[PDB]
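Undergrad: Give me a model of this one.
(one chain, ligands or ions: 4)
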Amino acid sequence: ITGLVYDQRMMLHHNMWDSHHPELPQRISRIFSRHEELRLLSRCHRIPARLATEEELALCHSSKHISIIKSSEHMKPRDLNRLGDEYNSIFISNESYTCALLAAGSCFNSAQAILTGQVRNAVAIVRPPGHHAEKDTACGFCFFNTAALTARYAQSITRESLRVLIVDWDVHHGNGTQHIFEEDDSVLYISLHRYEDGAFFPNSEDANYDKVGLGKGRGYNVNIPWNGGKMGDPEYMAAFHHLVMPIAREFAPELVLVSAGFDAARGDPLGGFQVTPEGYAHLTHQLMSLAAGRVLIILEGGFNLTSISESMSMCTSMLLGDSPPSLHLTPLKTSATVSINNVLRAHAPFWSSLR
Ligand SMILES: *Nc1ccc2c(C)cc(=O)oc2c1
Ligand SMILES: [K+]
Ligand SMILES: [K+]
Ligand SMILES: [Zn+2]
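TA: Numbers count the residues shown, from 1 in each chain. Ligands and ions are numbered 1, 2, ... in the order given. Please find the structure below.
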């Protein structure tokens, strides 16, 4: 069966200076409501949220970073503003730390539910997001790297070398996730993201296809960067067909984590892409063929409330075993073919399935 975790307390994190900032509290309540409306909620096993512990945060983050974000709990508005401004694209309220702990702890409980056999797969409707967060810093609406921490947490209750695949289909590069595992061959990081040769957030060449990992982790970092404007279902289905799925099958993960931002969705003001809810359903359904179905979908970005609610609900529908909706309709944009070919050339030395 399918687990679901959601806790309205994660809505308390808010922007006190700009109440229309796109990373809204109602992102998670709208997704939760849509699950209820589509009668998906009643079909799931409800997994309780919990706080991550500071020891658990230290799986990926420095004690300094943990301490600094923790300290924000007690700050007056002026110092919250000052601290937030020390990072790239961060706002902080007194509730932020607690919400970031709940987001992480919720995902640990979800991974635990899967790994103990209580559920086969699970969805986590959480905020604030995580994948921009680095070992030592907050970034891009993210405080702690929830997905990265969850991979380590999974390893901490099974085997240090448990093979974890992280598929990051948030429209942005998960810079923090890449860096945390860059020298690691136990965690395969595969990200699809708008890149625009560095013009798209977070604006680093770290996100390019030629960054394939370091040391023993060489080959275990797969960046699929998009250039030249809007991409959609055809391009994402093709990237999964040619790259994500062949590499994933060869890696043979024992657990799949999805950094599931829905900002590549049709309608997203930040992403500018047009992946459909049906498209996200097919991506989910493909990932379910891995790791004996052990997949945990973790909300990252995604800022059109209707788009993210429809899209994530479709993912949960697939997890629950529903038939994929009818769909990949068009030839690829030429720059997407170039992107896919660039990644294939970059990773053929490491994956026999690409040769
Ligand atoms: N990084 C960023 C911050 C704020 C935004 C708003 C308010 C709207 C938008 O379309 O994109 C944004 C991107
Ligand atoms: K991504
Ligand atoms: K890696
Ligand atoms: Zn994003």
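Undergrad: State the helix or strand in which the residue nearest the centre of the chain lies.
TA: Residue closest to the average C-alpha location in the chain (C-alpha atoms, centre = their mean): residue 259, at 1.5 Å. Secondary structure assigned from DSSP states H and E places residue 259 in strand 255-260.
Undergrad: OK, contacts around the residue of the stretch 251-355 of the chain found nearest ligand 3?
TA: Nearest to ligand 3 in the stretch 251-355 of the chain, going by C-beta to the ion, is residue 251, at a distance of 10.2 Å. For every residue, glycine as well, the C-beta is placed using N, CA and C. Shown in contact with residue 251 (C-beta atoms under 8 Å, 6 or more residues apart in numbering): 163, 165, 188, 220.
Undergrad: still on that earlier bit, pretty sure the residue nearest to the centre of the chain contacts residue 174?
TA: Yes: the pair residue 259 and residue 174 passes the contact test of C-beta atoms under 8 Å, sitting 5.6 Å apart.
Undergrad: Name the residues contacting each of the two.
TA: 131, 147, 166, 168, 191, 300.
Undergrad: Would you tell me which one of those residues comes nearest to ligand 4?
TA: Nearest member of the shared contacts of residue 259 and residue 174 to ligand 4, counting by C-beta to the ion, is residue 300, at 5.8 Å.
Undergrad: residues touching the spatially closest residue to that closest one that is not a sequence neighbour, list them.
TA: Nearest residue to residue 300, sequence neighbours excluded (C-beta to C-beta, 6 or more residues apart in numbering): residue 261, at 3.5 Å. With contacts defined as C-beta under 8 Å, 6+ apart, residue 261 is in contact with 129, 131, 168, 169, 170, 171, 172, 299, 300, 301, 302.
Undergrad: among those residues, which are within reach of ligand 2?
TA: Taking C-beta under 5 Å from the ion, the overlap between these and the neighbourhood of ligand 2 is 168, 170.
Undergrad: Quickly note the distance from the one residue in the stretch 1-150 of the chain that gets nearest to ligand 2 to residue 87.
TA: Using C-beta to the ion, the single residue of the stretch 1-150 of the chain nearest to ligand 2 is residue 131, 7.2 Å away. Residue 131 is 15 Å from residue 87, where distance means C-beta to C-beta, to the nearest Å.
Undergrad: So which of these two has more stuff around it?
TA: residue 131 (30 against 20; other C-beta atoms under 10 Å).
Undergrad: Off-centre distance for the helix ranked longest in the chain?
TA: The helix that spans the most residues within the chain, counting by DSSP state H, is helix 96-115. Offset of helix 96-115 from its chain centre (C-alpha atoms, centre = their mean, to the nearest Å): 13 Å.
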